[PDB]
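Each remark here refers to the structure printed beneath this line.
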Protein chains: 2
Amino acid sequence: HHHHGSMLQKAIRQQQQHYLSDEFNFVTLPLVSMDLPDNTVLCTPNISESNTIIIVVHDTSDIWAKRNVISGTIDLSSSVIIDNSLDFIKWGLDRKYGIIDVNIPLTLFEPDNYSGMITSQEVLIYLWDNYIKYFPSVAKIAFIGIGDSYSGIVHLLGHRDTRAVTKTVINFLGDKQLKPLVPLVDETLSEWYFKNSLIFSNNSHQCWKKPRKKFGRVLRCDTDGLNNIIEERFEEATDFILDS
Amino acid sequence: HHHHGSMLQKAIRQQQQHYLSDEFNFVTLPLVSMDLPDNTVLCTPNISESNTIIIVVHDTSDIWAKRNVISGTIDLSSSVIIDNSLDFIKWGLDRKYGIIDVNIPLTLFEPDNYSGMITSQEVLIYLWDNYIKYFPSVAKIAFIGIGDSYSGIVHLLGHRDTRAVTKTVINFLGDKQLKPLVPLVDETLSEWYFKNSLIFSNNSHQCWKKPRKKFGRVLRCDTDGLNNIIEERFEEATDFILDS
């Protein structure tokens, strides 16, 4: 039986690309000279001329579907995309913010997602060095990282001076492993990162079973599951964003 | 939550198209002037110059995947295509037969698959009237219909004189409804159809809980599930094929 997991990852991002184009006319941010698909990064038009930007980073979205229990096969008509960034996108558009949506493919068929995290680091560095750094009108960025993909955000904070425009970082972690920030340029960054971040994790997390300050203010949600903790704490998150 | 079922149907057929091209260099049979995708019908090269053709008709393949039980989401790395026609394709290639593979999209989001069956009827009529009818070297066709898609086959038998080249029809039914053949051109066809068909259905089927001759020799397998009854009776099927 032939695996179908990679095809699915691309099918998911492509339907997302479709909705975001039809509904809010997003577009692609050519991440040329990297062997990643075009719709990896998507963004509001005239993003270059935007004041405030929300940048949402995530791994491929989950698919929920019922499953004929004994055949074990997936009910195609019940299949839906659980898009954890869509509500942040709609929230920011409704305040005329610039939106950047980054999609990082999961590393399937491997003990964990180390490699996906590395890709996340590389894409956010490309984004910052070739774009954004050359955005004239950008003032105030908020970063939202869903799942493992958040590694790319923390990496960028530590490997680029950034505090000129970065006002908030949010991480909806779930059951994933906490990402440390190890500053390279400035040690103040440790204190800044703790006072300007929210790291939302599953109630059932390994931690709390003592998180150190390099991790940046970890909070224990009352539920589990990325979708659940985002629903649970979307207001606390957006609240925290606006006060910066 | 946005449905994802249609995208999936196209993603499945497209990975199939990939394997069949890389592994046996299949190609597309332009079904022009119909608003169906290119990879609907796929076939061995030089099909026009083939003596014996196996024609395998099926609905979109199932996807099996484990599912994180409480989040309810699908394990992408465990996801696989359950391709019920692949073993017939490999069986026929290993005897140098011509292969034609027809894919009919399921009608998702509707009480049943009436519409898909109608599409199946239309594609096999297009195939027979614009192609095949004009194949010089074709002698001996066997039809294999998986699931509801078999309706297109029965329809063609009754709406076109066909017995010049059709030697066997096989239907791996499962739990679907039996397709009657109502001859239009010739009444002998009822007797021919019963003596030249095998209709394999699930042990748990509605029938046997008395099938009439218009249905063409229904057999009760010992298991349930298309994949299971094909595994169970692949030899009986191929056996029945060769004796014609």
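In the structure tokens, the first chain shown is A, the next is B, and so on; residue numbers restart at 1 for each chain, and ligands run from 1 in the order shown.
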Please report as a Markdown table every residue of chain A lying within 10 Å of chain B, along with the nearest atom pair and their distance in Å (one decimal), using only C-alpha atoms.
```
| residue | atom | partner | partner_atom | distance |
| --- | --- | --- | --- | --- |
| A:1 | CA | B:80 | CA | 6.0 |
| A:2 | CA | B:80 | CA | 5.4 |
| A:3 | CA | B:80 | CA | 4.2 |
| A:4 | CA | B:80 | CA | 4.9 |
| A:5 | CA | B:76 | CA | 4.8 |
| A:6 | CA | B:76 | CA | 7.9 |
| A:7 | CA | B:11 | CA | 6.5 |
| A:8 | CA | B:11 | CA | 7.0 |
| A:9 | CA | B:76 | CA | 8.1 |
| A:10 | CA | B:11 | CA | 8.8 |
| A:11 | CA | B:11 | CA | 6.4 |
| A:12 | CA | B:4 | CA | 7.8 |
| A:14 | CA | B:7 | CA | 8.8 |
| A:15 | CA | B:7 | CA | 7.1 |
| A:16 | CA | B:2 | CA | 9.2 |
| A:19 | CA | B:2 | CA | 9.2 |
| A:62 | CA | B:73 | CA | 6.3 |
| A:63 | CA | B:73 | CA | 5.6 |
| A:64 | CA | B:73 | CA | 4.4 |
| A:65 | CA | B:73 | CA | 6.6 |
| A:66 | CA | B:72 | CA | 7.6 |
| A:67 | CA | B:67 | CA | 8.3 |
| A:68 | CA | B:64 | CA | 9.8 |
| A:70 | CA | B:225 | CA | 9.3 |
| A:71 | CA | B:225 | CA | 6.8 |
| A:72 | CA | B:64 | CA | 6.0 |
| A:73 | CA | B:64 | CA | 4.4 |
| A:74 | CA | B:63 | CA | 5.9 |
| A:75 | CA | B:5 | CA | 8.5 |
| A:76 | CA | B:5 | CA | 4.8 |
| A:77 | CA | B:108 | CA | 5.1 |
| A:78 | CA | B:5 | CA | 7.2 |
| A:79 | CA | B:4 | CA | 5.5 |
| A:80 | CA | B:3 | CA | 4.2 |
| A:81 | CA | B:2 | CA | 5.6 |
| A:82 | CA | B:1 | CA | 6.1 |
| A:83 | CA | B:1 | CA | 7.4 |
| A:86 | CA | B:1 | CA | 9.9 |
| A:106 | CA | B:76 | CA | 9.2 |
| A:107 | CA | B:77 | CA | 8.8 |
| A:108 | CA | B:77 | CA | 5.1 |
| A:109 | CA | B:77 | CA | 5.8 |
| A:110 | CA | B:77 | CA | 8.9 |
| A:224 | CA | B:71 | CA | 8.9 |
| A:225 | CA | B:71 | CA | 6.8 |
| A:226 | CA | B:71 | CA | 9.4 |
| A:227 | CA | B:71 | CA | 9.2 |
| A:228 | CA | B:71 | CA | 9.6 |
```
*asked:* Report, in Å to a single decimal, how far apart CA of residue 169 in chain B and CA of residue 191 in chain B are.
replied: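 Separating CA of residue 191 in chain B from CA of residue 169 in chain B is a distance of 13.3 Å.
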*Can you work out the spacing between CA of residue 61 in chain B and CA of residue 104 in chain B in Å, to one decimal?*
9.5 Å
*Which neighbours of range 126-134 of chain A fall inside 9 Å, counting only C-alpha atoms, when residues of the same chain fewer than 6 positions from it are skipped, and could you give them as a VMD selection string?*
chain A and resid 29 31 41 48 156 160
Same residues, N, CA and C atoms, saved as an mmCIF file, in the first residue's frame:
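Result written to result.cif:
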```cif
data_model
loop_
_atom_site.group_PDB
_atom_site.id
_atom_site.type_symbol
_atom_site.label_atom_id
_atom_site.label_comp_id
_atom_site.auth_asym_id
_atom_site.auth_seq_id
_atom_site.Cartn_x
_atom_site.Cartn_y
_atom_site.Cartn_z
ATOM 1 N N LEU A 29 4.607 34.835 -1.728
ATOM 2 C CA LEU A 29 5.809 35.589 -1.502
ATOM 3 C C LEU A 29 6.946 34.729 -1.954
ATOM 4 N N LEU A 31 9.755 32.732 -2.560
ATOM 5 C CA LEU A 31 10.869 32.403 -1.700
ATOM 6 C C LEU A 31 11.888 31.710 -2.582
ATOM 7 N N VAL A 41 4.845 30.624 1.716
ATOM 8 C CA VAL A 41 4.499 31.901 2.323
ATOM 9 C C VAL A 41 3.423 32.637 1.527
ATOM 10 N N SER A 48 4.244 45.181 1.701
ATOM 11 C CA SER A 48 5.400 46.066 1.764
ATOM 12 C C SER A 48 5.029 47.462 2.261
ATOM 13 N N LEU A 156 14.970 33.361 14.831
ATOM 14 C CA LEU A 156 15.123 34.679 14.222
ATOM 15 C C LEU A 156 15.359 35.776 15.273
ATOM 16 N N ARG A 160 18.872 37.610 14.771
ATOM 17 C CA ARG A 160 18.749 38.949 14.191
ATOM 18 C C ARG A 160 18.249 39.984 15.199
#
```
_strand (DSSP E) positions in range 41-123 of chain B, given as a PyMOL selection string_ = chain B and resi 41-43+53-59+62-64+80-82+98-104
Write a file of the selected residues as a PDB file, in the first residue's frame, keeping N, CA, C and O atoms.
```pdb
ATOM      1  N   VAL B  41      -9.242   8.724 -17.322  1.00  0.00           N
ATOM      2  CA  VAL B  41      -8.875   7.481 -17.983  1.00  0.00           C
ATOM      3  C   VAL B  41      -7.374   7.405 -18.261  1.00  0.00           C
ATOM      4  O   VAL B  41      -6.816   8.295 -18.905  1.00  0.00           O
ATOM      5  N   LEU B  42      -6.741   6.343 -17.764  1.00  0.00           N
ATOM      6  CA  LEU B  42      -5.324   6.047 -18.006  1.00  0.00           C
ATOM      7  C   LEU B  42      -5.120   4.660 -18.665  1.00  0.00           C
ATOM      8  O   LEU B  42      -5.834   3.704 -18.361  1.00  0.00           O
ATOM      9  N   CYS B  43      -4.130   4.527 -19.539  1.00  0.00           N
ATOM     10  CA  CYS B  43      -3.995   3.277 -20.300  1.00  0.00           C
ATOM     11  C   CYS B  43      -2.583   2.966 -20.760  1.00  0.00           C
ATOM     12  O   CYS B  43      -1.823   3.866 -21.034  1.00  0.00           O
ATOM     13  N   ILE B  53      -7.407  -6.547 -24.090  1.00  0.00           N
ATOM     14  CA  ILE B  53      -7.414  -5.425 -23.163  1.00  0.00           C
ATOM     15  C   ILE B  53      -8.171  -5.755 -21.878  1.00  0.00           C
ATOM     16  O   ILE B  53      -9.298  -6.242 -21.908  1.00  0.00           O
ATOM     17  N   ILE B  54      -7.531  -5.517 -20.744  1.00  0.00           N
ATOM     18  CA  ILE B  54      -8.259  -5.489 -19.487  1.00  0.00           C
ATOM     19  C   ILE B  54      -8.659  -4.046 -19.175  1.00  0.00           C
ATOM     20  O   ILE B  54      -7.816  -3.151 -19.151  1.00  0.00           O
ATOM     21  N   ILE B  55      -9.951  -3.824 -18.977  1.00  0.00           N
ATOM     22  CA  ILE B  55     -10.452  -2.491 -18.667  1.00  0.00           C
ATOM     23  C   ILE B  55     -10.991  -2.422 -17.238  1.00  0.00           C
ATOM     24  O   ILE B  55     -12.041  -2.991 -16.938  1.00  0.00           O
ATOM     25  N   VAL B  56     -10.258  -1.741 -16.359  1.00  0.00           N
ATOM     26  CA  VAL B  56     -10.615  -1.671 -14.939  1.00  0.00           C
ATOM     27  C   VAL B  56     -11.262  -0.351 -14.564  1.00  0.00           C
ATOM     28  O   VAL B  56     -10.623   0.697 -14.632  1.00  0.00           O
ATOM     29  N   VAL B  57     -12.523  -0.422 -14.150  1.00  0.00           N
ATOM     30  CA  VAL B  57     -13.313   0.755 -13.802  1.00  0.00           C
ATOM     31  C   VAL B  57     -13.529   0.819 -12.295  1.00  0.00           C
ATOM     32  O   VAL B  57     -13.924  -0.159 -11.670  1.00  0.00           O
ATOM     33  N   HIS B  58     -13.269   1.975 -11.706  1.00  0.00           N
ATOM     34  CA  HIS B  58     -13.415   2.116 -10.262  1.00  0.00           C
ATOM     35  C   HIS B  58     -13.734   3.536  -9.834  1.00  0.00           C
ATOM     36  O   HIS B  58     -13.539   4.488 -10.577  1.00  0.00           O
ATOM     37  N   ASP B  59     -14.247   3.673  -8.624  1.00  0.00           N
ATOM     38  CA  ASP B  59     -14.465   4.992  -8.059  1.00  0.00           C
ATOM     39  C   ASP B  59     -13.146   5.429  -7.436  1.00  0.00           C
ATOM     40  O   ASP B  59     -12.202   4.644  -7.453  1.00  0.00           O
ATOM     41  N   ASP B  62     -10.003   4.343  -1.705  1.00  0.00           N
ATOM     42  CA  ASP B  62     -10.027   4.692  -0.286  1.00  0.00           C
ATOM     43  C   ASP B  62      -8.640   5.104   0.194  1.00  0.00           C
ATOM     44  O   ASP B  62      -7.622   4.769  -0.413  1.00  0.00           O
ATOM     45  N   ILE B  63      -8.627   5.838   1.298  1.00  0.00           N
ATOM     46  CA  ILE B  63      -7.425   6.158   2.033  1.00  0.00           C
ATOM     47  C   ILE B  63      -7.577   5.557   3.403  1.00  0.00           C
ATOM     48  O   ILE B  63      -8.577   5.778   4.081  1.00  0.00           O
ATOM     49  N   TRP B  64      -6.595   4.768   3.801  1.00  0.00           N
ATOM     50  CA  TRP B  64      -6.570   4.244   5.144  1.00  0.00           C
ATOM     51  C   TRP B  64      -5.528   5.026   5.904  1.00  0.00           C
ATOM     52  O   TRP B  64      -4.453   5.331   5.381  1.00  0.00           O
ATOM     53  N   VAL B  80      -2.322   5.848   3.637  1.00  0.00           N
ATOM     54  CA  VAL B  80      -1.959   5.057   2.457  1.00  0.00           C
ATOM     55  C   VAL B  80      -3.150   4.922   1.542  1.00  0.00           C
ATOM     56  O   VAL B  80      -4.296   4.996   1.989  1.00  0.00           O
ATOM     57  N   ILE B  81      -2.880   4.730   0.257  1.00  0.00           N
ATOM     58  CA  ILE B  81      -3.937   4.496  -0.713  1.00  0.00           C
ATOM     59  C   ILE B  81      -4.228   3.012  -0.845  1.00  0.00           C
ATOM     60  O   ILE B  81      -3.329   2.219  -1.123  1.00  0.00           O
ATOM     61  N   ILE B  82      -5.485   2.641  -0.654  1.00  0.00           N
ATOM     62  CA  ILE B  82      -5.926   1.273  -0.900  1.00  0.00           C
ATOM     63  C   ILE B  82      -6.419   1.174  -2.344  1.00  0.00           C
ATOM     64  O   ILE B  82      -7.593   1.392  -2.645  1.00  0.00           O
ATOM     65  N   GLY B  98      -3.216  -5.188 -22.928  1.00  0.00           N
ATOM     66  CA  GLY B  98      -3.438  -3.755 -22.877  1.00  0.00           C
ATOM     67  C   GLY B  98      -4.273  -3.420 -21.649  1.00  0.00           C
ATOM     68  O   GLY B  98      -5.220  -4.129 -21.320  1.00  0.00           O
ATOM     69  N   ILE B  99      -3.920  -2.349 -20.954  1.00  0.00           N
ATOM     70  CA  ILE B  99      -4.655  -1.975 -19.750  1.00  0.00           C
ATOM     71  C   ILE B  99      -5.340  -0.628 -19.929  1.00  0.00           C
ATOM     72  O   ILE B  99      -4.724   0.322 -20.397  1.00  0.00           O
ATOM     73  N   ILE B 100      -6.615  -0.550 -19.571  1.00  0.00           N
ATOM     74  CA  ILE B 100      -7.296   0.738 -19.473  1.00  0.00           C
ATOM     75  C   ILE B 100      -7.837   0.901 -18.068  1.00  0.00           C
ATOM     76  O   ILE B 100      -8.585   0.041 -17.598  1.00  0.00           O
ATOM     77  N   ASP B 101      -7.447   1.990 -17.401  1.00  0.00           N
ATOM     78  CA  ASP B 101      -7.882   2.291 -16.029  1.00  0.00           C
ATOM     79  C   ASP B 101      -8.811   3.513 -15.974  1.00  0.00           C
ATOM     80  O   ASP B 101      -8.369   4.646 -16.210  1.00  0.00           O
ATOM     81  N   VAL B 102     -10.088   3.292 -15.658  1.00  0.00           N
ATOM     82  CA  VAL B 102     -11.049   4.403 -15.515  1.00  0.00           C
ATOM     83  C   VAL B 102     -11.362   4.773 -14.048  1.00  0.00           C
ATOM     84  O   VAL B 102     -11.737   3.924 -13.243  1.00  0.00           O
ATOM     85  N   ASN B 103     -11.188   6.050 -13.715  1.00  0.00           N
ATOM     86  CA  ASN B 103     -11.466   6.570 -12.366  1.00  0.00           C
ATOM     87  C   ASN B 103     -12.713   7.453 -12.337  1.00  0.00           C
ATOM     88  O   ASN B 103     -12.794   8.455 -13.037  1.00  0.00           O
ATOM     89  N   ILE B 104     -13.701   7.064 -11.547  1.00  0.00           N
ATOM     90  CA  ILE B 104     -14.910   7.867 -11.408  1.00  0.00           C
ATOM     91  C   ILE B 104     -14.997   8.495 -10.028  1.00  0.00           C
ATOM     92  O   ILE B 104     -15.023   7.787  -9.034  1.00  0.00           O
TER      93      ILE B 104
END
```
*Can you list, as a PyMOL selection string, all residues belonging to range 61-186 of chain A that DSSP tags as alpha helix (DSSP H)?*
chain A and resi 86-93+114-130+150-159
_Coordinates-based distance that separates CA of residue 179 in chain A from CA of residue 91 in chain A (Å, one decimal)_ =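 These atoms are spaced 26.1 Å apart.
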_All residues 6 Å or closer to range 192-196 of chain B, only C-alpha atoms, same chain fewer than 4 positions away omitted, as a ChimeraX atom specification_ = /B:168,216-217
Based on the selection just made, write C-alpha atoms of those residues as a PDB file, in the first residue's frame.
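The resulting file, result_21.pdb, is shown below:
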```pdb
ATOM      1  CA  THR B 168     -15.987 -11.408 -19.465  1.00  0.00           C
ATOM      2  CA  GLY B 216     -25.943 -11.923 -13.641  1.00  0.00           C
ATOM      3  CA  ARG B 217     -24.675 -14.585 -11.156  1.00  0.00           C
TER       4      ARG B 217
END
```
_Between A:136, A:123, A:17, A:69, which residue has the minimum interatomic distance to residue 47 in chain A, considering only C-alpha atoms?_
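Residue with the minimum atom-to-atom distance to residue 47 in chain A: A:136.
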